[PDB]
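In what follows, a single structure is set out as structure tokens and then discussed.
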Amino acid sequence: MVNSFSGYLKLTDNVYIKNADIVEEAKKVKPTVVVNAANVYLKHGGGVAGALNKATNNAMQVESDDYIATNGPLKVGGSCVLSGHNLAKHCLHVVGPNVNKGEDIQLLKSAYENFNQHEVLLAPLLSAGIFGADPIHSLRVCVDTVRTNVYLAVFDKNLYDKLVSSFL
Ligand SMILES: Nc1ncnc2c1ncn2[C@@H]1O[C@H](COP(=O)(O)OP(=O)(O)OC[C@H]2O[C@H](O)[C@H](O)[C@@H]2O)[C@@H](O)[C@H]1O
């Protein structure tokens, strides 16, 4: 399919980036898949997760609570596909490593590998916020791992400007 993604800078054959709120991009484009930067408990408190969940009027959290009750926590580096509610067809919840809490940064590659199961994704930079991975590192792992088409929404203007001026 052709989506209405607009205003993205090309990074590579398959990776595109924009200074935008992922919630607003999802609302406008209604992509097949929006990626959440989750924790293993799917407790969507802040950052991307909290903003996505609020935009679903808490439906994402209610669904997530049922998922955990049935299946238990995700693995670090793991994922699950749930509804995208009013934002997207699906939300791919992906758990990057919580580097600030001692988890292995190498698991960020495993996390991004989940994206390869989907032809097109709207996504954030995993682990680059409250989980404490260096943002440029997360971008480089994304570029070096994801082979499907990924549209990265970077909320923070200062960060975007730095990332797009950095080697990959
Ligand atoms: N609305 C947004 N749109 C786009 N990018 C955003 C947005 N909000 C933040 N970012 C950027 O998105 C990037 C990721 O920041 P984070 O969302 O913290 O994800 P993590 O993987 O580091 O931490 C996961 C925890 O975050 C939640 O609390 C979860 O529930 C988890 O517990 C940063 O560059 C942000 O500037």
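We label chains A, B, ... in the order they appear in the structure tokens, count residues from 1 in each chain, and number ligands from 1 in the order shown.
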
Can you tell me which residues sit at most 7 Å away from ligand 1, counting only C-alpha atoms and all ligand atoms, written as a ChimeraX atom specification?
-> /A:20-23,37-39,42-51,95-96,98,124-132,135,153-156

For residue A:8, work out the shell of residues within 7 Å, counting only C-alpha atoms and skipping chain neighbours fewer than 2 positions away, then give it as a PyMOL selection string.
-> chain A and resi 6+10+16-18

Could you write out the selected residues, including N, CA and C atoms, as a PDB file, in the first residue's frame?
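Dumped everything to result_33.pdb:
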```
ATOM      1  N   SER A   6       4.513  12.134   5.128  1.00  0.00           N
ATOM      2  CA  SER A   6       4.983  13.285   4.393  1.00  0.00           C
ATOM      3  C   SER A   6       6.013  14.024   5.231  1.00  0.00           C
ATOM      4  N   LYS A  10      15.108  11.229   4.139  1.00  0.00           N
ATOM      5  CA  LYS A  10      15.605   9.890   3.873  1.00  0.00           C
ATOM      6  C   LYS A  10      16.950   9.692   4.553  1.00  0.00           C
ATOM      7  N   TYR A  16      13.566   6.344   7.203  1.00  0.00           N
ATOM      8  CA  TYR A  16      13.136   7.721   7.039  1.00  0.00           C
ATOM      9  C   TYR A  16      12.929   8.325   8.422  1.00  0.00           C
ATOM     10  N   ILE A  17      13.110   9.642   8.550  1.00  0.00           N
ATOM     11  CA  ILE A  17      13.045  10.282   9.870  1.00  0.00           C
ATOM     12  C   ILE A  17      12.387  11.654   9.769  1.00  0.00           C
ATOM     13  N   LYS A  18      11.690  12.044  10.843  1.00  0.00           N
ATOM     14  CA  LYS A  18      10.983  13.318  10.877  1.00  0.00           C
ATOM     15  C   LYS A  18      10.943  13.813  12.316  1.00  0.00           C
TER      16      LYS A  18
END
```

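Residues of stretch 13-89 of chain A carrying a DSSP assignment of strand (DSSP E or B), computed from the backbone, are residues 15, 16, 17, 18, 19, 33, 34, 35, 36, 37, 38, 79, 80, 81, 82 and 83 of chain A.
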
Please give the complete set of residues from stretch 10-148 of chain A that DSSP, run on the backbone, assigns to helix (DSSP H, G or I), formatted as a count of residues only.
-> 55

Write out as a list in words which residues come within 8 Å of residue A:77 when counting only C-alpha atoms, dropping same-chain ones fewer than 5 positions away.
->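 Near neighbours after the sequence-gap exclusion: residues 94, 95, 96, 97, 107, 108, 109, 110, 111 and 112 of chain A.
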
Go ahead and save the residues from that selection, with N, CA and C atoms, as a compact mmCIF listing (two decimals), in the first residue's frame.
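Dumped everything to out-v2.txt:
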```txt
# COMPACT_ATOMS: atom_id res chain seq x y z
N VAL A 94 7.31 -3.09 21.57
CA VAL A 94 8.67 -3.62 21.52
C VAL A 94 9.42 -3.14 22.76
N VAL A 95 10.13 -4.06 23.43
CA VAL A 95 10.84 -3.72 24.65
C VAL A 95 12.33 -3.58 24.35
N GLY A 96 12.84 -2.35 24.31
CA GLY A 96 14.28 -2.17 24.31
C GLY A 96 14.85 -2.41 25.70
N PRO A 97 16.18 -2.57 25.79
CA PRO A 97 16.81 -2.72 27.10
C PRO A 97 16.72 -1.44 27.90
N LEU A 107 20.80 -6.03 23.58
CA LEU A 107 19.42 -6.43 23.34
C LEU A 107 18.66 -5.43 22.50
N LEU A 108 19.20 -4.23 22.30
CA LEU A 108 18.55 -3.29 21.41
C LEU A 108 18.49 -3.84 19.98
N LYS A 109 19.51 -4.59 19.55
CA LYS A 109 19.45 -5.19 18.22
C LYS A 109 18.30 -6.20 18.14
N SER A 110 18.18 -7.06 19.16
CA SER A 110 17.08 -8.02 19.20
C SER A 110 15.73 -7.31 19.15
N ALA A 111 15.63 -6.18 19.86
CA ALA A 111 14.39 -5.41 19.85
C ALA A 111 14.04 -4.94 18.44
N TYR A 112 15.00 -4.33 17.75
CA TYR A 112 14.73 -3.85 16.40
C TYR A 112 14.46 -4.97 15.40
```

Can you list, as a PyMOL selection string, every protein, DNA or RNA residue that comes within 8 Å of residue A:148 when you count only C-alpha atoms, leaving out same-chain residues fewer than 6 positions away?
-> chain A and resi 14+115-116+118-120

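Atom CA of residue A:145 is found 25.8 Å from atom CA of residue A:24.
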
Shell around residue A:93 at 6 Å using only C-alpha atoms, local window under 3 positions removed, as a PDB file with C-alpha atoms, in the first residue's frame:
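File written: selection37.pdb
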```
ATOM      1  CA  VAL A  35       5.561   0.841  17.333  1.00  0.00           C
ATOM      2  CA  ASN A  36       5.469   1.450  21.063  1.00  0.00           C
ATOM      3  CA  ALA A  38       7.354  -0.593  25.880  1.00  0.00           C
ATOM      4  CA  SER A  79       7.445  -7.786  21.339  1.00  0.00           C
ATOM      5  CA  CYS A  80       3.765  -8.451  20.885  1.00  0.00           C
TER       6      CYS A  80
END
```
